[PDB]
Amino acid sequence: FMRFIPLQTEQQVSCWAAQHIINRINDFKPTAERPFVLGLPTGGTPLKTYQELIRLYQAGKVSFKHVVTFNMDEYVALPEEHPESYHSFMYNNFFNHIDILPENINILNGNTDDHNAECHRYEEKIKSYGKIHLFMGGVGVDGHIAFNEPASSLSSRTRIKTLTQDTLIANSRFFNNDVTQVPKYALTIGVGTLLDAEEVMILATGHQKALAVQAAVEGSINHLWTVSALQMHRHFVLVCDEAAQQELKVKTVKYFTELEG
């Protein structure tokens, strides 16, 4: 069944998420021949989690020497050494501070000569390892996942996507508030790619995600709220802060707070 973890502060969400990733890896006991495969996102709430994971690694609570990562997405036609590329985000905020092997980091390359070939290569790389064991991600204010469109097929695969006007505006702040400077296209994993993971953990902090949280927990599966499709996943975890609880009914928070005791 769906696991809903209602918490109060964004730090508690990040600390909980990091702890969950630690426990799965440490229970899995990964080796070189049998690595743990981790799906990873970008953004503000992930950032706090990566920071917590670095702190836990600096202690003696985890090693990434046998963790393989796959990232959700990357901009197209943007140099991968650009400060605002998703390559740069991952290496600067995470991979450069942990003991992961450089050949176990997978991030879509948006500068290939053939974007379809690159997307198929990504899907193949995942299959070569078997399956992603834990995919961490976020959710949009409209319930969309990664750069997938809000009404995306639940069996969509990794493909090239044209960024929406709203996505262009949202990300403008990373490119000098210039909509014309945001890359028009990106490579993203599909909803099917996400659903193929053994466990999907979605992190939702902020009042702007409260409607997405209501759709995920209280609503029925709606094909206009991609996050609601995770209700059909065998292990769907949703962690949220108090601001994102504001649209739920009192009985909903009561039920899940007490279940998690």
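Quick note: we count residues from 1 along the sequence shown, nothing fancier.
In this entry, 176 to 184 shows the higher mean Cα temperature factor of the pair 176 to 184 and 74 to 82.
Comparing the deposited coordinates for 164 to 172 and 135 to 143, the stretch with the larger average C-alpha B-factor is 164 to 172. Highest CA B-factor among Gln51, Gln231, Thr45, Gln214, as stated in the entry: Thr45. Ranked against the other modelled residues of its chain, the C-alpha B-factor of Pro41 as given in the entry falls in the lowest third.
When the CA B factors of the chain's modelled residues are split into thirds, the value for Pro30 lands in the highest one. In this PDB entry, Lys61 carries a Cα temperature factor that places it within the middle third of its chain's modelled residues.
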